[PDB]
Amino acid sequence: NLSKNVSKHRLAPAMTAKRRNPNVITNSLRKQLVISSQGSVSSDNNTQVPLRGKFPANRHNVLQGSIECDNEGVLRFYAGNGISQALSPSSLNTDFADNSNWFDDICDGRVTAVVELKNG
Amino acid sequence: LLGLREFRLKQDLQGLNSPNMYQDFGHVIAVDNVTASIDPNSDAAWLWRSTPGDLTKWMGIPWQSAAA
Amino acid sequence: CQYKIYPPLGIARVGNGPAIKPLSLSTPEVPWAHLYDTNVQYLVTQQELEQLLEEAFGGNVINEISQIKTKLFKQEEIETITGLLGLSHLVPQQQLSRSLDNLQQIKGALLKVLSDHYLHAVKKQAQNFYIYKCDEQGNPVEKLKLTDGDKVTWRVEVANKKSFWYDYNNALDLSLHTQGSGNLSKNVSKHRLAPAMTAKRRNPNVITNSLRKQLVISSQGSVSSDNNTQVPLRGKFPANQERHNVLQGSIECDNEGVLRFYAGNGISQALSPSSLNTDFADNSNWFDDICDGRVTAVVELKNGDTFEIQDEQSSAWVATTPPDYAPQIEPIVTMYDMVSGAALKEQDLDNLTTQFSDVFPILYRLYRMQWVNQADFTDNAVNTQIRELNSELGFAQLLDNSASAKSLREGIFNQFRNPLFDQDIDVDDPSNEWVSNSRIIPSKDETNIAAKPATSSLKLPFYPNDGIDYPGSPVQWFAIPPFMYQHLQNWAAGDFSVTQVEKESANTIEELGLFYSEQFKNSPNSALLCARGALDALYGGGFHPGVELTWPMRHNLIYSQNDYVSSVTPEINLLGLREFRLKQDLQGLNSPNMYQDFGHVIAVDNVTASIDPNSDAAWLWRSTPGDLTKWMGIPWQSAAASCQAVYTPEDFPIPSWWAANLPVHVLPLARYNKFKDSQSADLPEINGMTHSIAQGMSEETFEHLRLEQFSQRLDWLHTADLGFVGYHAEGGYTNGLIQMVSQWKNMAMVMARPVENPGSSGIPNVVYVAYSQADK
Amino acid sequence: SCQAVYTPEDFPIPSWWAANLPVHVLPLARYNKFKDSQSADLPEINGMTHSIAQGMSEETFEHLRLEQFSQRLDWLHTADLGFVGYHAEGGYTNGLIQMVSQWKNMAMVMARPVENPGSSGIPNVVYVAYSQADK
Amino acid sequence: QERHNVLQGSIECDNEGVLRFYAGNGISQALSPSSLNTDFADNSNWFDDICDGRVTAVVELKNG
Ligand SMILES: [Mg+2]
Ligand SMILES: [Mg+2]
């Protein structure tokens, strides 16, 4: 995927990068910047379960996705509604990548299951 | 047709409860942090053992600005 | 070693005043010589122009006119009557001709052209360079004295590489692995308190080394003691397409072999008018007339003998810089302090010996910051305690090293920030990150999340520092360097010495400052005092990138020599006198490393590789012309406009970057003229009131009004029009940077002035007052 | 927008409607540095330790009081109107934008007493600007 | 005051009596580089080399 020449001949040097939302100090307080949610669904019930978190975490409700399982055991994952917002209206997202005070509903995570047959 | 592969991501089996869920490298991140991350016994190797949120965290916030 | 140049690093500052002795200033050759001089004139005055013009008169002029008077004005009508007045080197000749076409009427007509060009101009601060005869060890004994047939020839070669070099994001040495020095603690790098950032190139669209050579401005010249004609140092940008001449400086040599170096006129400009300098440090398409380079000489005596002053042990350097807008107000930590700290290792600061005269500069400079910075006038508990001690003539208690005074000394010492940066922090992961528990300086990029309340008080001084980019880092704020904090710690502990003669002159801080000033003026080592004076007025932190010079100066690798020589006085150290020389590439502008860089970026790994003097990267420390100043902001004016206040959510104290040379809060002339006089003054207007109102009032009331006026401090950025003037003006940070390019020369200049009868008002007999055209 | 309109001449500074939208105020922080007399029996007197405050001459003590009384703050600086932080732009337009949220944090001027002004020249009644920033 | 020369045009007359009027070189400029022309029509501190005016002549024939 990538030739050794890029590093060896210094063709595009990696740059140092600072923290986003850098006024939030201490790791404990910076955990508020992370949006998380989880859920479970079964073959026995087709009801959709929302994956909803909060920002700043423990304020705004953040729908990160939705999950379903039909009677045949296939998982269906829906993503969010595409809602992005600043904590204050006057905080504008003028940078292509690094905008402080902003959250979005993108996410990623871990998908596990457990099979339970009738013979126990 | 370029083939078919069996691949799996490295994962932290504790997920949201991993003790590395909230790890970083201090005031900046740099390539030296990624150099140290190669050694699987380093204090930095957690960079490759993904916990929830680890794949999209690099991307633009919000994504709409990055798309425009 | 035979002859040597002093100072080893000279300093000349730009100004729009002319490059002539009567209308210019000289870099200090003795520290503290003029701290209370209330006759100083750092701006060109009307009186000065009148005299230079009167002295241009006859000459036979005054009756070579009368000659013309009865013969009647045409062309050489007047070209004859120029010349007789040698004013072409101050005003373009035609403007002189334009002057006389529209008509003692000749004096006024030409005084107004001089006044338009130069009245209230910021005088240039020029550097005198001297040759000293040495010794058997190479110790300077006396200035060279030319006899008949003896000749001195100086050579100067300078350059500007700002537009060729890299962005300034922060000081690269903050990540440089070290055992620690007198200037910078090992803790910053070891614990990642303010990581060094990578930096891309300036003017990145100019590619290939050979084309980038055009981004470098350079010039050279020579002058001798046989001819005092001034020689300009003129380069071109882009160097050799439309090109601009850049006056980098001017050099003169007089009868006795002294070299006077004038900096440029302060002209900065873009190649296109629409390229605005909106960044504090890195603005593409810009050039300024700052420079620095190599000073050498040759002495030829009557006897054929010839001595070459070109080795790095006896050669010198020169650097030009922004003006000093408070020349009598000294930075708390100076560039000479950096030189002294660079020769010390942090772990041997145990062995440091402390006199009170090593500690006094810290307290004295801080006290005098009240004239340029509000926090040090009304929000500095140490300056108030010093005022309390002066009130009762009890300042001498601070010179008492005994146990009965420990708690007094310790109370002051404990308010100062420790340059280990390990106090007032909480550790996450004791991966360890040191997070300050004191007041942080937030980024402009706000996050609507509750700040963490500060548990620790804010230490002194209240100035930003190298780590400003990182909220929560202890290095966001300034600490006196390790070797000076050690002096103060020894003072607090009682392990310091002082003489009885000092105690007897220490009833007030001003009395002792005048005493120590006399010790400098009577110290017999003029060569080393001149080396120190050239640098005692320059800043020595924080470096982001700074004012005049930046962080390479605080590393011993930049000096080829750096030795303690002596106390200022046999019994009084006053931080010492040192013999130091810069590392120099002896080929100068012709060095094969003149145009070297590290590719697409520079990074601390490049600095790490340069430590080894045999490495490929060691050229970084072996300076070629342009190397000292290329790190700084381009143009310097936008860096100066960014070198001001940094406001916190808490209103007070207001943090200030470099207020001793770029003031933040000043006392305008307008206020001076409202507290200058006593109630008895024989004047129809007294302190801005009618004589009748001023004398109809109580004495208490009259004195109170004096002090209120004295108390009104004005933002220095408001002493000229930096984009905030007018209905719906935007003001703000960015307009300051843009407007400073033209308005730097209209900013207020701070100058000591007398108050002849303060009475009981509380106003000192010497005040420091800011003169500008808008604040009068 | 209802504040100062600066001229090339520094003084006097024109102000629109300062009686109801102040332009230069006397912050709480200054009030706490001049309201006490040297006689006060507190560990902190006018922002100084008891020892320092009572060790200075009465002349000096009163002069410090009036120096503090004379420090006036730009009202627009009594909350964060866009000028706070490293490399904050500040400026006129950010003031208009941030006032929408910050109007409620702007300093409020209120009459407050000075029990014993002594010979300082401070009146018995002062009017002090209260905001969370300036306290 | 620091003043700028503005070439508003150039005029020629050939031997047949035809006047030829050239306009300027197209140079517009502010008195300060930082005065930017951000309005479509009204920018203070600018000048351009556009002009207009009066054209007259005198005919002189051989017979006076
Ligand atoms: Mg100064
Ligand atoms: Mg009202």
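Every read-out reported here was derived from the displayed coordinates using simple, explicitly stated rules and does not represent laboratory data. Reconstructed Cβ throughout: ideal geometry from the backbone, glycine too, with neighbour counts over all protein chains shown.
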- Note on the structure: Over all viewing directions the Cα convex hull of the range C:186-234 casts an average projected area in nm² of 7.8 nm²
- Task: Using amide H atoms built 1.01 Å from N in the peptide plane, name the residues 5+ places from A:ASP98, or on other chains, whose amide H lies under 5 Å from its own.
- Result: B:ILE61
- Message: What does the C-alpha gyration tensor say about the overall shape of the range C:584-732? Classify as rounded when a/c is under 1.5, otherwise prolate if a/b is larger than b/c, or oblate.
- Response: prolate
- P(r), alpha carbons of the range C:681-758 - 5 Å bins starting at zero, rounded %: 3, 12, 16, 16, 11, 11, 12, 11, 7, 1
- Item | Estimated vicinal HN-Hα couplings, Hz - the range C:755-769 in sequence order (Karplus 6.51, -1.76, 1.60; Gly, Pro = x) | 10, 6, 9, x, x, 9, 5, x, 8, x, 5, 10, 10, 10, 10
- Specify the angular offset, from 0 to 90 degrees and rounded to the nearest 10, of the alpha carbon long axis of helix D:91-102 from the longest principal axis of the alpha carbons in chain D. 80 degrees
- Excluding residues fewer than 8 positions from C:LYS71 in its own chain, the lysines with Cα under 23 Å of it are C:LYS107
- Query: On alpha-carbon atoms, Rg over Rh for the range C:154-303 using Kirkwood Rh?
  - Reply: 1.09
- Query: Within straight cross-link reach of C:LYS459, meaning Cα distance under 17 Å, which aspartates and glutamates are found once same-chain residues fewer than 8 apart are removed?
  - Reply: C:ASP376, C:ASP379, C:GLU410, C:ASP422, C:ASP424, C:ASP426, C:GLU650, C:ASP651
- Item | Of the GluC sites (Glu not before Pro) in the range C:490-583, those whose Cβ has at most 14 other Cβ within 10 Å and which sit in DSSP loop | C:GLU571
- Note on the structure: One point scatterer per Cα, no solvent, Debye formula: log10 I(q)/I(0) for the range C:110-230 at q = 0.09, 0.14, 0.16, 0.19 Å⁻¹ comes out as -0.65, -1.04, -1.03, -1.04
- Out of the DSSP beta bridges found with both residues in the range C:452-605, what percent are antiparallel (nearest 5)? 100 percent
- Message: I need the P(r) histogram for the range C:135-184: all alpha carbon pairs, bin width 10 Å from 0 out to the longest distance, whole percents.
- Response: 13, 20, 21, 24, 18, 4
- Across all Cα atoms of the protein assembly as shown, Rg and the largest Cα-Cα distance (Dmax), in Å, are 33.7, 133
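Taking a quarter of the surface of the Cα convex hull of the range C:418-555, what do you get in nm²?
In nm², the orientation-averaged hull projection of the range C:418-555 is 12.7.
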- Entries of A:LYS31/B:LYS57; C:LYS123/C:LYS444; C:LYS151/C:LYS630 with Cα pairs more than 25 Å apart: C:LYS123/C:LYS444; C:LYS151/C:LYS630
- Note on the structure: Per residue, the convex hull enclosing the Cα atoms of the range C:310-434 spans a volume in Å³ of 233 Å³
- Note on the structure: Taking the protein assembly as shown and counting helices only, DSSP H stretches of n ≥ 4 at -39,500 (n - 2.57) each over all residues, the nearest-500 ellipticity at 222 nm comes to -5500 deg cm²/dmol
- Task: Return an integer: the convex hull volume of the alpha-carbon atoms of the range C:276-357, in Å³ per residue.
- Result: 282 Å³
- Mean per-residue count of partner chain Cβ within 10 Å for C:701-714 equals 4
- Provide the net charge surrounding C:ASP173, with neighbours chosen by a C-beta distance below 11 Å and charges set as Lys +1, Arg +1, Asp -1, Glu -1. 0
- Quick one: which of C:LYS112/C:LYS776; C:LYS143/C:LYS345; C:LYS452/D:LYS33; A:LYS18/C:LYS186; A:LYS4/C:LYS583; C:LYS4/C:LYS302 span more than 29 angstrom between C-alpha atoms? C:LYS143/C:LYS345; A:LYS4/C:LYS583
- With an 8 Å cut-off on Cα pairs and a minimum separation of 6 or more residues, tell me the relative contact order of chain B in percent. 33 percent
- Which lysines have a Cα lying under 21 Å from the Cα of D:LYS35, excluding residues fewer than 8 positions away in the same chain? D:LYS135
- Message: In 10 Å bins starting at zero, report the fraction of Cα pairs in the range E:1-44 per bin as a rounded %.
- Response: 20, 33, 26, 14, 7
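For a distance above 18 Å, tell me the whole-number percent of Cα pairs in chain D that qualify. Kindly include the intermediate steps, with their values, before the conclusion.
Numbers: 5481 of 9045 pairs.
Distances greater than 18 Å cover 61 percent of the Cα pairs.
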